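Asker: Sharing a structure, written as structure tokens. Questions coming.
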There are 2 protein chains.
Amino acid sequence: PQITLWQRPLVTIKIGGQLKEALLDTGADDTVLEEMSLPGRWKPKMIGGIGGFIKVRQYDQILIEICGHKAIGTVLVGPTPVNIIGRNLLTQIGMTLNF
Amino acid sequence: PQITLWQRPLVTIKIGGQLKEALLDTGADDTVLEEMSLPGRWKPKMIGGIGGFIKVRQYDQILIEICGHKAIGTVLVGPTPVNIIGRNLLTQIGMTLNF
Ligand SMILES: CC(C)(C[C@]1(c2ccc(-c3cnn(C4CC4)n3)cc2)NC(=N)N([C@H](COC(=O)NC2(C(F)F)CC2)c2ccc(Cl)c(-c3ncnn3C(F)F)c2)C1=O)C(F)(F)F
């Protein structure tokens, strides 16, 4: 499919038993989700964007259902104002920019 | 052309007659550039949400060329991690996400 950019490109994902709305974000290196429970070990990280930085927990090897795919990747969990699918997952579903 | 997402989608832009590197950012509503001089008057805008908010200068109807595609639109100037081409200009150049 083709997703135009007249509006924020939002999709529904399934992760950790939960459904979430998230933004397809080519400006994000990694996926960042609002606070939620995830399995496995994690390590703290600081991530920067407009306005400064927030502290998040980094989980690796997380399965996310998105755009008809089952993709594996890193998920950062913390006080993000929006759920974000970053490039680390976008590549796995074959998403590209085209013009 | 098609741009994959294994690396940051950095491209060359031209603004004010000068070449700069900028990030094609589907997660950005707006285009925000590192400090530079632009013509005319500006108006205030507040953007952000990652650890805080930043004041930026908003300039309207600015000529900016992105990968050879000429656009004219709103450019914000302020303290951004890197020059960002947001959806306001990605739409002008016909950019979409595809999978
Ligand atoms: C992954 C990050 C970087 C977060 C981030 C994001 C996206 C959407 C919202 C969002 C949407 N709705 N809401 C509100 C309703 C609740 N919040 C909030 C944050 N995603 C993204 N692409 N951008 C860029 C900056 O990206 C970068 O710096 N990239 C990097 C590169 F430069 F190196 C990696 C640094 C950007 C530029 C210019 C603008 Cl105007 C906007 C923008 N559009 C809308 N709001 N904003 C706001 F941010 F100003 C975003 C982000 O800041 C991270 F890491 F912080 F989480």
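Positions of Cβ are generated from backbone atoms using ideal geometry, with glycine treated the same way; all protein chains shown enter the neighbour counts. All of the numbers you see were taken from the coordinates with simple rules; none came from a lab.
Asker: In whole Hz and in residue order, list the ³J(HN,Hα) couplings for segment A:94-99 that follow from phi through the Karplus curve 6.51 cos²θ - 1.76 cosθ + 1.60, θ = phi - 60°; x for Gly and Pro.
Answerer: Karplus-based 3J(HN,Hα) across segment A:94-99 equals x, 7, 9, 8, 9, 7 Hz.
Asker: A further question follows. Tell me the volume per residue, in Å³, of the convex hull enclosing the alpha carbons of the protein assembly as shown.
Answerer: With only Cα atoms used, the protein assembly as shown gives 104 Å³ per residue.
Asker: Right, another one. Could you please report the charge total around B:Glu65, scoring K, R as +1 and D, E as -1 over all other residues with beta-carbon less than 14 angstrom from its beta-carbon?
Answerer: With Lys, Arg at +1 and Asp, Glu at -1, the neighbours total +2.
Asker: Where does each of A:65-71, A:38-44 land if you order them by average Cβ count within 10 Å, highest first?
Answerer: The packing order, highest mean first, is A:65-71, A:38-44.
Asker: Counting C-alpha atoms alone, how compact is chain B: give Rg to one decimal and Dmax as a whole number, in angstrom.
Answerer: 13.1, 41
Asker: Same structure, new question: For B:5-12, what's the mean count of beta carbons from other chains sitting within 10 Å of each residue's beta carbon?
Answerer: 4
Asker: What's the FRET efficiency of B:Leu19 with A:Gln92 using the Cβ-Cβ distance as r and R₀ = 22 Å, to the nearest 0.05?
Answerer: Once rounded, the FRET efficiency stands at 0.10.
Asker: Can you give the average number of partner chain beta-carbon atoms within 10 Å of each beta-carbon in peptide A:45-56, as a whole number?
Answerer: Mean shielding count: 5.
Asker: Per residue of B:80-90, what is the mean number of Cβ atoms on other protein chains within 10 angstrom of that residue's Cβ?
Answerer: Per residue, the number of nearby Cβ atoms from other chains is 3 on average.
Asker: Separate question: Take the alpha-carbon centre of segment B:40-72, take the same for segment A:1-74, and report the distance between them in whole Å.
Answerer: So the separation of the two Cα centres works out to 26 Å.
Asker: Just add up the charged neighbours of B:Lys43: K/R +1, D/E -1, any other residue whose Cβ is under 14 Å from the Cβ of B:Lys43.
Answerer: So the surrounding residues net to +2.
Asker: Report, in debye and to the nearest 20, how large the dipole of chain A comes out about its Cα centre when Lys and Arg carry +1 and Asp and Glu carry -1 on their Cβ.
Answerer: 200
Asker: Grab the other residues whose beta carbon is less than 13 angstrom from that of B:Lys14, score K and R as +1, D and E as -1, and report the net.
Answerer: 0
Asker: Hey, another quick one. What are the nm distances, shortest first, from B:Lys45 to its equivalents in the other copies, labels at 7 Å along Cα→Cβ?
Answerer: B:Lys45 label point versus its equivalents elsewhere: 2.8 nm.
Asker: Suppose only helical runs count, i.e. DSSP H with n ≥ 4. What mean residue ellipticity at 222 nm does that imply for chain A under -39500 (n - 2.57) per run, divided by all residues and rounded to the nearest 500 deg cm²/dmol?
Answerer: -500 deg cm²/dmol
Asker: Among B:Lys20/B:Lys43; B:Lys45/B:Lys70; A:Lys43/B:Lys20, which pairs are too far apart, with a Cα-Cα distance over 26 Å?
Answerer: Going by Cα-Cα distance, A:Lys43/B:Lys20 fall outside the 26 Å limit.
Asker: Now a separate question. Any idea how far apart B:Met36 and B:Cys67 come out in nm if each label point goes 7 Å out from Cα toward Cβ?
Answerer: Using points 7 Å along Cα→Cβ, the separation is 1.8 nm.
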